[PDB]
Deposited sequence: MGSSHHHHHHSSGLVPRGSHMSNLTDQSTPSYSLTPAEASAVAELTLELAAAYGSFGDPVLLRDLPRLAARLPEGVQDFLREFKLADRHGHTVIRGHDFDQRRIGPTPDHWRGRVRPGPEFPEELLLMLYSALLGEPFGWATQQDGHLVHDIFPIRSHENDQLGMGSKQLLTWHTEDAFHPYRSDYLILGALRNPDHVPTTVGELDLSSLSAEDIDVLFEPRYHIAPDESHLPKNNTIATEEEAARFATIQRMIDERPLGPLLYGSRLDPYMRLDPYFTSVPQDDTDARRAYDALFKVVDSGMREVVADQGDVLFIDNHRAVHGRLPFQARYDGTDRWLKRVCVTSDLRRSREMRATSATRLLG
C-alpha cells in the first residue's frame, strides 16, 4: 500500500556510526559549517537509503514513506524529558537530530520558525504535563484533527520528517491522502479556484495576512492540497464552493489511516500530498514516554526571504 525501506543490520550500523562521528565532529546545529556541509555529509549515508528517498521525492506519488530499522541507542538517548525549555542543546540524542537533518538535506533545506521551540531547527514531540489538555505538539490527552502543516502560509513546509526515538505504546500518527475518484470533475474545478479563506494559527513587521485562496492545486488529475478544516471557511454566498469543500472533506476524512512510527522509524510526510494528525494517548510522565524529533523541509529556502531576518537564517519570523 505505501512503499517503505527496511534497513539491514549493516545499514543500521553504518547510519548509527555516521551520526556518532558527525555529532563528535560538529558543535551543535549552531555551527553554520554543519548546515553548509549537510548535503555532502548526507551523501555518506548508505546508497540504498539515498536512492530510496530520492525515488520518493521524484516520484511525487505517495503522501508518506518510512525508513525502518534504525539503531537508536536507548541508553545513550536517555529518559524522555519533562519539557523542551531550559533543556541544554545539544543533548545525548544529538546523533538522531543530526540524522534527521541529513535526511532533510536529501529532500530540500531544513528550516524552522523563530518563535517556535526557541527557534530550534529540530523540534521535540513529547507529552508535557502542563501542556497536557491543549491540542498542540507537546500534548497527550487530545487531538482528532488532521491538517496540512501551516496550510495558511505561503512558505509552509514542503515535507515533514518525524523520527521516533521511542513509541512504547504504538501511538499512531494519522495520515491521509486524496482519493480523487469519489470527487466530481466539477467540484475539483471549484476547489482549484481562489474561493476559500484559510486563517492563520495563534502561533506565529509584515503580515500579510490578506487574500482568499484555493484548497487544491498542481495537476487537476492528481492534485496537491492545502487543508486545515479548523481554520478554513467559505463566504456564505458561495454555495458551489461550500458544496465542493464538503465533498473534499468527506473524501479526505474517510480515507485517514493510522501510521505508527515505532522506535527506529523515520516517517516522511509530503505536505502537499497528505494531511496528518495525532491521536490521543495516556502519557506516563515517568521518562519513558513517546518521543519524536521533527524537522520541517523547504524545497526553496529563497522563496521565504521576505519573512527571514537575514539571508543566512533558516528561521521564519
Which regions of the deposited sequence are unaccounted for in the modelled residues, listed N- to C-terminal?
1-27, 232-251
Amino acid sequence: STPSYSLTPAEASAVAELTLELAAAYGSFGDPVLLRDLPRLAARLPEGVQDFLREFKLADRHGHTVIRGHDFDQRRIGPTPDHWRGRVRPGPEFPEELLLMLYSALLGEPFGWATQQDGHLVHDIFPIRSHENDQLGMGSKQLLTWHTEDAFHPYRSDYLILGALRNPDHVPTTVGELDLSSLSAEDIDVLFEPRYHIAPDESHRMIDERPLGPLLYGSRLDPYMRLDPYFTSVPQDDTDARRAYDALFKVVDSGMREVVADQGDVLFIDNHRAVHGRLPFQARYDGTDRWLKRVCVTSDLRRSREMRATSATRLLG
From here on, numbers count along this sequence of modelled residues.
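The term rigid core refers to the most C-alpha atoms you can superpose between the two forms while keeping them within 1.5 Å.
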After superposing on the rigid core, the stretch whose C-alphas lie farther from this form in 7 other deposited structures of this protein, comparing 209-217 with 230-238, is 209-217
Do you reckon 81-89 or 99-107 strays further from the shown form in 7 other deposited structures of this protein, measuring C-alpha RMS after a core fit?
81-89
Of the other PDB entries compared that resolve residues on either side of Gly163, does at least a third omit it?
no
At least a third of the other compared entries leaving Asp134 unmodelled, is that the case?
yes
Compare the mean C-alpha B-factor of 24-32 with that of 262-270 as given in the PDB entry, and name the stretch with the higher value.
24-32
Should the higher mean CA B-factor in the entry be assigned to 251-259 or to 53-61?
251-259
Comparing C-alpha B-factors across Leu107, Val88, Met101, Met225 in this entry, the winner is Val88
Using only the C-alpha B-factors in the record, can you name which of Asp124, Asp158, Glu97, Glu209 has the highest?
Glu209
Chain thirds of CA B-factor: placement of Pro214
middle
Which third of the chain holds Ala151 when residues are ordered by C-alpha B factor: lowest, middle or highest?
middle
CA B-factor ranking of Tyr245, expressed as a third of its chain:
middle
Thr310, C-alpha B-factor rank within chain (lowest, middle or highest third):
middle
Third of the chain, ranked by Cα B-factor, where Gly277 sits:
middle
